[PDB]
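Each reported figure results from applying straightforward, stated rules to the coordinates on display, with no laboratory input.
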Amino acid sequence: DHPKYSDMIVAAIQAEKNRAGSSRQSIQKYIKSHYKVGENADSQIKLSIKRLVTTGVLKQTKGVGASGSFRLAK
DNA sequence: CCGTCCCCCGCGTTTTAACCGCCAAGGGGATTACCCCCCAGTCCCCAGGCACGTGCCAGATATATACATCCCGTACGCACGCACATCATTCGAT
């Protein structure tokens, strides 16, 4: 029951509205605990952020690459 | 670098059990006496061990060959997301 990775990621940030930006783990724990994702879930989430930040709609407030915190950037 | 928690930290109770001060007993550590029996001292000595030679052996030493193993590639599954058409929703016309 997993649609395209665009949707839960933005939903997860909406769940915990950190103004400083959500740290990489905060999304990772919730979406796997809440929904059901494939055996290689964590790998897909990391590059999901990586491609998502390249699209520019999300802002990494702290850290470099995937290791930091990210923000919806409205 | 980032983050993440929890698990030590100060701090406030409050219990107590160390710490004190005193009293007592006697075991035993410290001290003396007696001595015998025990190890050092000699002489003689004689065979155990050491210095020297010696070879034989096997211990080695070298050969060739089989086998065990590792890494990479290969293939192949698979579950996957992306992409896609289709199904279903939505704006306009009705």
What is the helix-to-structure angle for A:24-34, meaning the angle in degrees between its Cα long axis and the longest Cα principal axis of chain A, kept from 0 to 90 and rounded to the nearest 10?
-> 30
Relative contact order %, chain A, counting alpha carbon pairs below 8 Å whose residues are six or more apart | 37
Could you give the angle, 0 to 90 degrees to the nearest 10, between helix A:41-55's Cα long axis and the longest principal axis of the Cα atoms of chain A?
-> 40
Have a look at chain A and give its Rg and Dmax from the Cα atoms, expressed in angstrom.
-> 11.2, 32
Partner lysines whose C-alpha sits under 19 Å from that of A:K59, ignoring same-chain residues fewer than 8 away, are A:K17, A:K46, A:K50, A:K74
In degrees, nearest 10, range 0 to 90: what is the angle between the Cα axis of helix A:5-15 and the longest Cα principal axis of chain A?
-> 60
